[PDB]
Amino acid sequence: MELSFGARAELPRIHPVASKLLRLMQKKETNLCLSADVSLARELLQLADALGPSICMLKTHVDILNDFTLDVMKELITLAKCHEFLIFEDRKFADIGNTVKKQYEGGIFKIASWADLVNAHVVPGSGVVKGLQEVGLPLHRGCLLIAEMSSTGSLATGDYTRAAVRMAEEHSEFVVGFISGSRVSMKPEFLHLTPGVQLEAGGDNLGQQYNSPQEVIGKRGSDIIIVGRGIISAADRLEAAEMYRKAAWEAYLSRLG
């Protein structure tokens, strides 16, 4: 009884940020999240503009942007609105609730002011979510919980993964899904986003491991692929993004049947 992205966007318990995302995924035929892991604002913005039509989401690491300003993020929002994609700051909040609330709202990045989505590790216990939601619920934001990781030696397995799913399902007013390698929740209101994706087999020299779009979307049941170097290190990033988009989209279609 698997529903399309467009039908999932209408589910009774859907979060509004998840619904917006699912609707634009269906409209644009994309379940690709670009991992824009660059250090220059101009490159970030040029990628966002050119690849915007091909992506459902742009994932940032603003803390690696050498020339971050809030006005860069204003320009990114313009592109996100134009091309219709969400902005996901991959901050991996991972502290006690009292600390993460300040890290999300404040400092020089003011993440909550521009990021539709953020994510959190579950290791601190549910206070990490409660602290973020003090800021994010008034701002109509969503959060993803890290239930599994792609890297060698990941401890996000077994009972840890189960705890992440329970934490999400108990904070569904704010948590909209997971970073995971596979479908971890049986509730269709939750999004599954999977990093560690390339077309070719392999990894990196610092513990990254890759699986293909067909494997992660088609076999493992995830919704969205997160792709960094498979796109950004290519010469033609637009054609690379299109290859990843077509791969992930067809894997999704074939699995709906």
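Throughout, we count residues from 1 along the sequence that is shown.
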Which of 114-122 and 182-190 has higher mean CA B factor, as the PDB entry lists it: 182-190
Comparing mean C-alpha B factor in the record for 199-207 and 225-233, the higher one is 199-207
If I read the C-alpha B-factors straight from the PDB entry, which of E89, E148, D71, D95 is highest? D71
Is the Cα B-factor recorded for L65 in the lowest, middle or highest third of its chain? highest
Entry-reported Cα temperature factor of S212, expressed as the chain third it lands in: middle
Taking the values exactly as deposited, rank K130 by C-alpha B-factor within its chain and report the matching third: lowest, middle or highest. highest
Modelled-residue ranking by C-alpha temperature factor, third containing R166: highest
In terms of its chain's C-alpha B-factors, the third that includes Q103 is the lowest
